[PDB]
Structure formats: structure tokens, C-alpha cells
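Position 18 (the sequence shown) corresponds to 17 in PDB author numbering; numbering is contiguous. Scroll down for the structure; my scribbles are underneath it.
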Amino acid sequence: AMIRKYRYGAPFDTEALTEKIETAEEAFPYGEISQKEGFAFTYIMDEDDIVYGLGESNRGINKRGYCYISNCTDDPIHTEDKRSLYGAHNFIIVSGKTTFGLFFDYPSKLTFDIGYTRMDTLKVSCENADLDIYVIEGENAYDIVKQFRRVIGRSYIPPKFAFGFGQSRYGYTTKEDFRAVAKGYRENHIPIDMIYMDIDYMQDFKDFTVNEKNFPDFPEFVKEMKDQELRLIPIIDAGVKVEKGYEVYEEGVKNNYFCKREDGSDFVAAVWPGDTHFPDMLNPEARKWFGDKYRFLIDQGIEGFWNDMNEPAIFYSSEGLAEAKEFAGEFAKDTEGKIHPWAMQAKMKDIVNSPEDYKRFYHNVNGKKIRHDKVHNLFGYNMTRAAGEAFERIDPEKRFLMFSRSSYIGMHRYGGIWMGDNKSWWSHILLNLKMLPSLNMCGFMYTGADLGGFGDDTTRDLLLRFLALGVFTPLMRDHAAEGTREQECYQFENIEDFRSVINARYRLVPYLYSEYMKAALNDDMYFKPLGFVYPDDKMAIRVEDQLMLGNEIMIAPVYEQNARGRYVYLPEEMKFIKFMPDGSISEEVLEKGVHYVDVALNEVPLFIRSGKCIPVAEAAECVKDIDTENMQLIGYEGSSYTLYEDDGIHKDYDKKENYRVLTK
Ligand SMILES: OCC(CO)N[C@H]1C[C@](O)(CO)[C@@H](O)[C@H](O)[C@H]1O
């Protein structure tokens, strides 16, 4: 009753929603629609209007003031000018005098001009009027978000161990490499549950293989780690290497499971392995074949995965390569100065992730060929879906760790996401912060960023501040690019400061796991912008560098270099809490209004809301060992907290034994 659906043309069924909504008959209820130059929705915003949403996209929480294009892209440079990152999350909310929600169920290039051209004008446009638009009504943005979360279906739920801390690097290759990470962390009593495995663990970058020479008895090594409560999380790429004798490739060709050129030949894209083919992620039989392959790793005791390059990323195609070589030939023997070095540089740049390549291959959906650009934003989504559905077949009772880079709304049912290739920049702490609530509004609650920054060289202080935000993000992983300064916590002086910040995480795991489960089982948000919780407060609704978590706390991480604190605004009385590096917990009551708070490098801050309290465990070195029996309660007198807690492994969500009321 709160959701109407408007149809334009013959839209590809993305399966984004699980609720079937009938097609409305009356005219579009807001602004104006035009099909003159493709498709365009135009709306004149009131000056006080705020615009939420777009999930994984650039800039702030209020999206007003720039331009966002849904077009999944491999871009390792996340600067303010970028219009397109990895995800496509076409859900927005206009909040103000007139308030309403919109979801553009369209799987291709979609442009959100939100006050870029004219500050008062919101304009969403695409090439083809072949889409469903859902209009969602309600009193406020929060109401509308909850309506939407209901119809897209329950969010993905990770195993409890994934709320531990994870260490990762593009470069870990041998057993010696992984053992050193284990030793570096455990010997220094820094808590940890996960070590990620990047593409070097494969045999020659081949999906669903393991380097035979480095890991002769992989199941043994996996258990060697697991016995220490270190679960190895291997990566899987979208591209399957072209190689004679390689089983995955042979089957994909023989059974026509790969994306094809117009003429029926299997499309070639270069990635890590060199020439590869793409599994036809929109072909259900192809999906099943690919997803079933994960069994190869699961049978070896692997309990989680990350899916990468699944935009799909293309270094070059065979068509592009030949073009670039021809141009290079001309450049080489041009004596007259008619071909400048800049044009050569432009060509080499042009053949990477080229929109022309995305026009060169097709998906086979029930016998029907569909050109990949028309359904581009659905690829990563269906790769992860392929994996998720297979987990359900392979072991229906068990939760697997699973997250992806590229995504579309709907994938939030099968896996989480990580925010891709960020940089060791202080401004990226704020970016990690702001993306969170938006991703929540779109179903994606298991998310986080590469802590310490992925690209470039990080510093000791930048890593510590990142980690202090990571404490609260369900995915909490330190990841680094190749050749960068080493980002492991044991590569810095005074290691005890890192142990203190990560101990903060572990002490909070029962409370953090708790709020996540409750929000996921109730189609609610784990992070909320302050305006969702304090709608009547004009100052609160514009705060962009603080977030509410569940119904108990607010976070305010430090994101300026050399800062010893930050300004915060409290919309009500709260208790300012800091996890101190000696193991103690400091408490101060701060009243409603503006404050400056001191937060040192080795201190983790949070606020506890009036009338609320939270449980805090003693610090433990892995998730299994956290003592949840008689936990300390921090916060206000006379208040209570409802703790959720299950075995963290299976899917038995609806039991009264999972709930425990704690009273301070
Ligand atoms: O976008 C492509 C590159 C750029 O470094 N990064 C991707 C590949 C990768 O470098 C090796 O597997 C991996 O470590 C990154 O996490 C991933 O985003």
C-alpha cells in the first residue's frame, strides 16, 4: 500500500525485489517524466530538501551537489570528481517538506544529476525507457527506508567469526608468508580471526585451483591455521583463464557457459591470468556451474570467500590490443611529428575498461542474446548470487563469509561488499564513514573499507585512526596494495597501541554482533544518519561525520591528521566513553549541544545514549574465546539492553533462547 510501481517499456527483470508489486495505472506522482531523449525524470527540490541514498557512491551522505552515475567501474582512484565506482545502488530519498522514496530498477548506465547542473534540480536519466520505478511513501526518510528494505528481502548474514578482525595483503604467497602473519599477530597478543588470500594462492591465477608448489597439502595448512582460530579467506576472480587442459575452461567452452561475441565465439578479456573468458552470470545453468565450483575450496575447510574484478574488469580485449599495437606501429615510424606522445598515452589508457568492449559480448538468457552493456550493472551481483545459491546447496545449515566488489541491489541477500581500492589518505576515513548508512539503506550491512588504506604508503597514525573506525564496521580488515609500505600491525613501533584498539573491537563484538542480527532479522538499519533518529532537530539532520549505531550508541571517529580530538554535536545527553590503552573504560556525562572531545591516537571513542546501556566483554584474542557470560554493563542506571546471541555458525534465527534481557 505504501509502494507503487511504474513501468516504462520492456524492462529486464533484475530480480532486485522479492515482493511482487502490481503495476500502477495513474500518472507518475512526482515531478515530470520524459521519453524524448531516452528517459528522464525531473524534479524541482525545495531548498531545505536533503537527498539520501545511492549506497556505494562518492561524496557525502546528503547527495545534493554533484553527479552520480550507476555504471560499475574498476577505478583505483577515489577522488571527489569521480562519478562512478564499483556499485550501482539506484535507491534515493528526497527528504524535506515533501518526502518520498524512489528506486530505479534499471540494470544499465543511470545518471543522477542531483543539483549539479542547477542546484534546485534533481534529474535522473538513462539511454532507454526500459525500466521499473518504485515510488515509496511515508512520514519520514527512516519510515521509507524500512518499507524498502522489506521488499528487497532480508540482508545477508555472516558467520560470527567474520566480526573478528582480518589481515590481508596483495602479496602473501607462501606458507612462510602466512605463518609470519599468524606469528606477528598471536605472539604479540593482538586479536585476529582472519587472514585473506589474494590471487597469488592460485595456480597461475586460475579460479578454483591452488598453487601446487606452495601448498602441496592445502587442507592440512588450512587446519594448521584454523586450530589457531585463523580462517583463510581466498579470493575468486570473474575471469576464467584460457588454457588447454584447465578443467574450468574446458567445461565452460564445451557447454557454452561463457559470454560470447555476436558471432558465437567466446569473448576474450585480459586480466591477471592473461586471456580469460567470463562465465555467463545471467544464464541460470551457467550460474549453477560456476557457483558449484566453490565446493573445491569448501571441501578443504575454507569457510569464506571474496569475489573480485567482477564489474567485470577488463585490462584489454583482443580487439583493443590489436588496435593499440597498430597505433603503436604508426607512432613508432612517424618521422614527421604528426603522432604525439599524448595520443599514444591516450590510446593505451583507452583500451582499459573500455565501454566499447562492454558492447562486444552478450548474455544468453533462456536462449535470448542480450548485449552486455544493456545489463552491465548486474554482473558482479549474479556472480555473488551464483556463489550464495551454491552454498545453500552445498551446506544449507551453515553461514559462509562472502563479500564482493561490484554489486547491484538484490545482491545484498547473498553477500556483503568491501569499498574497493581506497587510498592511505586521511580523507578516505571520512569516505568510509559516510558510505555506511547509505549502504545500509540499500540492504548492504556487512561492509567496510581497506583499513590503513589500500593504495599508497600509510603511516602509523593513519592506520590507528582507520582501525578505530573499523572497530564499528562489520567488515574490519587491514588490506594493502602491492609494493606498498607494510601495513601489518606488527610493522610499527609501540605495538601495544594496536593491541589496545583491536581489543576495543573484541570487547564490543557481542554488542556489535547483537545489533547486526537484530537489524538484519527485522529489516532495520545497523548504522543510521543522525537525522533518522532525531528528525525534529534541524542541527542533527545535517551532521555528516557522526553516525548512530542500533539504538544505543553514536560514533564519532577522528579523521584529521595530528588531531588530539574533534568537535561533536550531541542531540541529547550522552555518556562519552573511551576504551583506554591501559584496559580501563573512561566515562563522562556530556549534555545536549556542541562539544570538543579529546581522543588520543590509542583511544577508541563512542557515546552512550540517555536511557540506554551496552554490554562489554573482557578482551579476548579471537571470537570463539570471548566471554559472554557475566559481561560488564556501561551506560545509564535503570536502563536495559536486549542481547541477541546464537551459536554464530548455523541459521537458527527464531528461538526465544537467542534473546537475553540485561539490566544495569
Ligand atoms: O582494481 C584492480 C586492482 C588494482 O590494484 N585491485 C584489485 C585486485 C587486487 O589488487 C589483487 O587481487 C586486490 O588486492 C584488490 O583488493 C582488488 O581490488
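We put the CB at the ideal spot given by N, CA and C, even for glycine.
Locate the beta strand (DSSP E) running through residue i, then write down its first and last residues.
i	result
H427	Counting along the chain, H427 falls outside any beta strand (DSSP E), though it belongs to the alpha helix (DSSP H) covering 426–440.
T641	639–643
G647	No beta strand (DSSP E) contains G647, which DSSP labels as neither H nor E.
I32	31–33
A285	No beta strand (DSSP E) contains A285, which is instead part of the alpha helix (DSSP H) from 283–291.
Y141	Run containing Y141: none in the beta strand (DSSP E); it sits in the alpha helix (DSSP H), 140–151.
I135	130–135
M196	193–196
When you measure from the CB of residue i to every non-hydrogen atom of ligand 1, does any distance come out below 7 Å?
i	result
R404	yes
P340	no
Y169	yes
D307	yes
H478	yes
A321	no
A312	yes
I552	no
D197	yes
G419	yes
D203	no
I194	no
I234	yes
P272	no
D206	no
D73	yes
Give the range of the alpha helix (DSSP H) segment to which residue i is assigned.
i	result
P75	No alpha helix (DSSP H) contains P75, which DSSP labels as neither H nor E.
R185	174–185
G319	317–331
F102	Per DSSP, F102 belongs to no alpha helix (DSSP H); it is in the beta strand (DSSP E), 99–104.
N352	Neither: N352 is in no alpha helix (DSSP H) and is coded neither H nor E.
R294	294–297
Expressed to the nearest angstrom, what Euclidean distance is found between the alpha-carbon atoms of residue i and residue j?
i	j	result
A181	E485	15 Å
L320	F314	10 Å
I113	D522	27 Å
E636	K663	6 Å
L462	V557	12 Å
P157	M401	7 Å
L529	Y248	50 Å
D653	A385	26 Å
residue 714	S94	Because residue 714 is not part of the residues shown, which for the chain are 0 to 663, the question remains open.
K159	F147	26 Å
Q166	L231	10 Å
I191	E261	49 Å
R168	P215	22 Å
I369	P278	14 Å
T208	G303	15 Å
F378	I2	27 Å
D544	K433	7 Å
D535	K367	52 Å
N187	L229	15 Å
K422	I428	9 Å
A179	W305	22 Å
Based on DSSP bridge pairs, tell me the residues matched to residue i.
i	result
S124	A39, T110
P311	In the DSSP output, where bridge partners are listed per residue, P311 has none listed.
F207	Answer is none; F207 lacks a bridge partner.
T446	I416
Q631	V615
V374	Paired residue(s): none; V374 is not in a bridge.
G163	Paired residues: none, contrary to the question.
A0	Answer is none; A0 lacks a bridge partner.
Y515	Looking at the DSSP assignment, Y515 forms no beta bridge with any residue, so it has no partner.
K367	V364
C66	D112
Practice problem: Would you check if there are 3 or more beta carbon pairs closer than 8 Å linking the region 117–124 to the region 26–43? | Solution: yes
Quiz item: Three or more C-beta pairs closer than 8 Å, one from the region 45–53 and one from the region 351–359: is that the case here?
Solution: no
Quiz item: Between the region 140–147 and the region 595–613, do three or more beta carbon pairs fall short of 8 Å?
Solution: no
Quiz item: Is the region 438–448 in contact with the region 200–220, if contact means three or more CB pairs nearer than 8 Å?
Solution: Because the criterion of three Cβ pairs below 8 Å is not met, the region 438–448 and the region 200–220 do not touch.
Quiz item: Would you call the region 19–39 and the region 414–432 in contact, with 3 or more CB pairs under 8 Å?
Solution: no
Quiz prompt | Inter-stretch contact (C-beta, 8 Å, three-pair minimum) for the region 96–104 and the region 58–66 | solution = no
Quiz item: Is the number of C-beta pairs between the region 528–547 and the region 392–407 that are closer than 8 Å three or more?
Solution: no
Quiz item: Can you find at least 3 beta carbon pairs, one from the region 328–348 and one from the region 263–276, that sit closer than 8 Å?
Solution: Inter-segment contact for the region 328–348 and the region 263–276 is absent: fewer than three beta-carbon pairs are separated by less than 8 Å.
Exercise. Report yes or no: do the region 321–328 and the region 235–248 share at least 3 C-beta pairs separated by less than 8 Å?
Key: no
Practice problem: Flag this pair as touching only if the region 558–568 and the region 72–91 have three or more C-beta atom pairs under 8 Å; answer yes or no. | Solution: no
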